[PDB]
Amino acid sequence: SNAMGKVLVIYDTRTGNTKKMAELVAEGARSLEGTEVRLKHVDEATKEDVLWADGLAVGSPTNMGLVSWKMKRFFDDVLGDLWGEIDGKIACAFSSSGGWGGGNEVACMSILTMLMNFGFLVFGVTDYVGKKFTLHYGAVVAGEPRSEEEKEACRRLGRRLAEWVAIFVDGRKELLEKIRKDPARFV
Amino acid sequence: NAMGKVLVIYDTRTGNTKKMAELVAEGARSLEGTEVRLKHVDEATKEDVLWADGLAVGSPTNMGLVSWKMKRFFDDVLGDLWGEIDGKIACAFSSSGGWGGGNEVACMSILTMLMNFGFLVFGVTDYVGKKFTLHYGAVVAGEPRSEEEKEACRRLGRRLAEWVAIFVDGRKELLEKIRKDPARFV
Amino acid sequence: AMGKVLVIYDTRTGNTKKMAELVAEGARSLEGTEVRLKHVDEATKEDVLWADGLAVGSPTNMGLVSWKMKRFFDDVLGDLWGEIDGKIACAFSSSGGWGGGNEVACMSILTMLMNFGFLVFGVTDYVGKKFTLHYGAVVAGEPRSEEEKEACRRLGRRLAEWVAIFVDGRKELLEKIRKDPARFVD
Amino acid sequence: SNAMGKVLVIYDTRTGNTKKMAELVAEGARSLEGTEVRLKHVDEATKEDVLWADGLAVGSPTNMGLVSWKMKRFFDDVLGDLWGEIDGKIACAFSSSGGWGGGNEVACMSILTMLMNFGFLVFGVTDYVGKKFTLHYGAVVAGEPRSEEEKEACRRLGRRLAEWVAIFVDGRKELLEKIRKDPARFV
């Protein structure tokens with residue numbers, strides 16, 4: 001009788017790397033039973049997708065340390081009319097850069113700041129998905145997600161997104177403690 | 001059975017951020033059934049954070065950033081809870097010496113720190129004066145004296161209480177009421 | 001006596017343009033400084049190559065540089081990446097409200113500029129009693145007050161000075177600025 | 001008239017990781033002819049060191065996404081009295097974190113923020129030091145710098161600082177163009 005959790009994975013990309021991340025995020029979210037997922041490229045996406053979403057993952061290549069101009073334009077110009085009337089959606093960020101130390105966490109930060117501006121509740125993930133591999137401000141990779149931990153970081157983002165949607169909008173209050181006390185979250 | 005647990009925790013150099021923190025707490029208390037705990041960092045405990053559904057965290061802007069004492073609180077007393085208190089709701093506020101002085105950047109640093117714990121973090125869209133808002137947290141230069149500054153501080157607490165009510169306490173009817181409320185924009 | 005300063009800006013409503021004009025004036029106020037003032041639509045990669053120092057201005061759009069400004073950097077100046085390191089740059093921004101993200105927008109401009117290997121800065125000066133520009137000049141709406149207009153001037157003025165000291169080698173200025181009491185109002 | 005480069009490398013560390021970075025940052029800085037370099041833990045650094053320096057490299061463990069509380073305490077409480085009168089120093093940041101995607105670029109950003117507040121001219125490095133390895137907001141590593149690229153990112157940070165000190169303070173402007181066109185900068 002409750003609805004499924006509604007998750008939007010929306011991404012820009014230059015080479016496809018962020019698309020490969022986006023697919024893994026989306027798979028991450030679908031893995032939580034009773035979560036529904038829409039996966040869109042920015043040129044495909046509509047203001048109605050966002051209205052539909054309980055939770056959003058927004059991905060961009062790291063372009064000069066920041067969200068891409070096409071993702072920025074979508075928020076500024078397409079979502080601009082919705083601004084002020086869509087507060088309290090849940091959102092996170094992800095990004096692929098040319099290199100480690102190349103600004104993928106900073107690009108994530110700029111996605112998050114854009115999302116916060118719309119009054120969304122934003123988050124990153126504490127989970128260690130590899131011994132030295134995490135996603136505190138969003139899922140980040142240099143190039144394509146190739147390694148097991150890189151693929152898993154992407155999945156974990158969508159997973160946690162779907163879980164926060166499930167806890168806070170669907171009201172599965174019981175999942176909070178399950179997650180907090182789960183030893184698998186730390187490799 | 002309307003219910004909610006809010007911690008306003010703050011640090012201060014000259015007391016300006018205490019003044020804000022009192023207004024934040026009173027904004028949170030304005031939502032019926034919301035218990036608020038107001039603490040200086042020196043008296044705050046691990047347990048206050050465990051008790052809270054939602055946190056408002058204040059600091060003076062000290063070189064663009066959270067104060068070292070507030071940083072130390074998070075690094076060293078909350079450090080033991082790191083990894084198991086994910087999902088608390090949190091927001092930020094700051095008093096700086098001046099406009100253009102880094103209060104929004106200090107708010108970013110607070111939010112960075114809270115996100116590190118797995119908290120869901122927000123600012124406020126609401127315009128509280130015609131040219132006065134709080135997108136990344138409540139910010140003032142010096143003491144909150146104008147009615148705008150005071151109301152921005154109150155509003156942060158409100159929205160915090162509201163988000164706890166909607167998302168923790170399960171009060172879904174408030175969401176659309178907030179979204180469509182004309183009074184949110186002066 | 002020598003300096004090349006480029007002030008480049010985006011504007012939707014005219015507000016940031018008003019700021020840019022004052023930034024430029026501030027830069028010109030320093031003797032021997034040549035200044036170009038360009039909208040992003042008329043700016044070229046040869047402008048950025050000509051410049052010793054840059055002041056880059058955008059409206060605060062969702063707390064960040066506008067998408068038009070971002071396109072310009074990604075698409076036109078992109079080809080210059082890796083070969084223009086060491087240019088000197090700073091930021092400015094007009095937003096809809098105080099607490100609306102103007103320092104964060106500046107941060108995002110500086111982030112972009114640092115990616116080009118630029119040396120990047122803000123200004124310590126108190127141009128008014130509770131008015132400064134630590135991360136760039138910031139205003140809510142149009143710069144109308146005397147503090148606001150001077151905040152913009154001072155950014156332009158400090159860029160010109162950094163270029164005069166660091167490119168043109170006028171080391172004597174450095175200490176003059178460091179000890180100048182006029183820098184802090186009151 | 002024979003003035004030269006004064007570079008201070010100031011660091012905090014809790015397990016030694018950032019100290020190992022700091023040592024390599026200092027090695028890198030010393031590689032440029034006529035660069036004098038001080039290397040100092042925060043616990044032993046003074047305000048005289050900061051006054052002495054043309055250039056600074058500031059390093060900290062990534063702690064909750066930010067500079068050390070000890071490093072912060074040193075700027076607020078011992079360097080604060082210099083605020084407003086040391087504008088125009090040249091400075092950069094470096095950090096070691098527990099994991100990739102763990103906030104090291106953000107920690108660096110927080111250091112740069114602090115340094116900018118002092119009126120310093122602040123930078124990162126475009127140079128690629130491995131195929132997918134760079135240092136755009138400062139040198140970053142998860143753990144101890146152990147691989148060749150991780151060690152060379154640390155060195156390169158110190159190198160570029162010394163280079164900026166040489167070009168911008170000590171007048172040696174022939175170097176700008178040599179650095180600007182150097183193919184070695186991109187592995």
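In what follows, chains are A, B, ... by sequence order, proteins preceding strands, each numbered from 1.
Judged by distance alone, with hydrogens and angles left aside, the side-chain atoms of B:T133 form a donor-acceptor pair with the main-chain N or O of B:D126 at under 3.5 Å. Without hydrogens or angle criteria, C:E147 side chain to C:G128 main chain gives no donor-acceptor distance under 3.5 Å. When atom types are taken as modelled, the side chain of B:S95 and the backbone of B:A141 share no donor-acceptor pair closer than 3.5 angstrom. Remark: side-chain polar atoms of B:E149 are not paired, donor with acceptor, to backbone N or O of B:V140 under 3.5 angstrom. Side chain of B:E143 to backbone of B:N16: no donor-acceptor contact under 3.5 angstrom is found.
The environment of A:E174 atom CD is dense: over 12 non-hydrogen atoms of other residues, nucleotides or ligands sit within 6.0 angstrom. Environment of CD in C:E146: sparse, with no more than 12 heavy atoms of neighbouring residues, nucleotides or ligands closer than 6.0 Å. More than 12 heavy atoms of other residues, nucleotides or ligands shown are found within 6.0 angstrom of CG on B:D42. For B:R13, the CZ atom sits in a loose shell: 12 or fewer heavy atoms of surrounding residues, nucleotides or ligands are nearer than 6.0 Å. Within 6.0 Å of NZ on A:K89 lie more than 12 heavy atoms contributed by other residues, nucleotides or ligands. Residue-environment remark: NZ (B:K69) stays at or below the threshold of 12 foreign heavy atoms within 6.0 Å.
B:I110 places none of its side-chain heavy atoms less than 4.5 Å from the side chain of B:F93. Looking only at side-chain heavy atoms (C-beta outward), C:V104 and A:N117 stay at 4.5 Å or farther from each other. Between B:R171 and B:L31, the closest side-chain pair of non-hydrogen atoms falls below 4.5 Å. Between B:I85 and B:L50, the closest side-chain pair of non-hydrogen atoms falls below 4.5 Å. In this structure, the side chains of A:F120 and B:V121 stay at 4.5 Å or more apart for every pair of heavy atoms. The shortest side-chain heavy-atom distance between A:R160 and A:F123 falls under the 4.5 Å cut-off. Taking the side chain as every heavy atom from C-beta outward, D:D12 and D:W69 never approach each other to under 4.5 Å. Using a 4.5 Å cut-off on side-chain heavy atoms (C-beta onward), A:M109 and B:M108 make contact.
Annotation for B:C107 and B:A138: closest pair SG-O, 4.1 Å, computed over non-hydrogen atoms. The two atoms that bring C:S95 and C:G97 nearest to each other are OG-O, 2.9 Å, heavy atoms only. Closest of all the heavy-atom pairs between B:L23 and B:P144 is CD1-CG, 4.0 Å. In plain terms, the two heavy atoms of A:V125 and A:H136 that are nearest each other are O-ND1, 3.0 Å. Across every non-hydrogen atom of A:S110 and A:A107, the tightest pair is OG-O, 2.8 Å.
Between B:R29 and B:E26, no side-chain nitrogen of the basic residue sits less than 4.0 Å from a carboxylate oxygen of the acidic one, so the salt-bridge criterion is not met. Using a cut-off of 4.0 Å between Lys/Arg side-chain N and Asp/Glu carboxylate O, A:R185 and B:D86 are scored as salt-bridged. Contact check on B:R158 versus B:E162 returns a salt bridge, with a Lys/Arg side-chain nitrogen under 4.0 Å from an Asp/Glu carboxylate oxygen. Looking at B:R72 and B:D76, no side-chain N of the basic residue comes within less than 4.0 Å of a carboxylate O on the acidic one, giving no salt bridge.
Summarising the geometry, atom CZ belonging to D:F74 is positioned 4.0 Å from atom CG belonging to D:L79; distances are rounded to the nearest 0.5 Å. With rounding to the nearest 0.5 angstrom, the CG atom of B:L111 is 8.0 Å from the SG atom of B:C91. Here B:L134 contributes atom CG and B:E104 contributes atom CD; the two are 10.5 Å apart, rounded to the nearest 0.5 Å. Distance check: B:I9 CD1 to B:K39 NZ gives 10.0 Å after rounding to the nearest 0.5 Å.
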> Stepwise, does the salt bridge (charged side-chain N to carboxylate O under 4.0 Å, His left out) test hold for B:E151 with B:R154?
Replying inline: CA-CA 5 Å; B:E151 192 55 33; B:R154 285 188 200 106; 3.0 Å; yes

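A:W83 and B:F185 have their aromatic ring centers within a separation under 6.0 angstrom.
Each of B:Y127, B:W99, B:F132, B:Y136 was evaluated against C:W98; a single residue qualifies, B:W99, per the ring-ring contact (aromatic ring centres under 6.0 Å, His included) test.
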Check residues 60-67 of chain D and write down every donor-acceptor pair under 3.5 Å in which the side-chain atom is one partner and the other belongs to a residue at least two apart or another chain.
from, atom 1, to, atom 2, distance (Å)
D:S60, OG, D:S68, N, 2.8
D:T62, OG1, D:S95, OG, 2.8

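Classified by interplanar angle (parallel below 30°, tilted 30° to 60°, perpendicular above 60°), the ring pair A:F168/B:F167 is perpendicular.
Applying the salt bridge (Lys or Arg N to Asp or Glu O under 4.0 Å) test to A:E85 and every residue at least two apart in sequence or in another chain returns B:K180.
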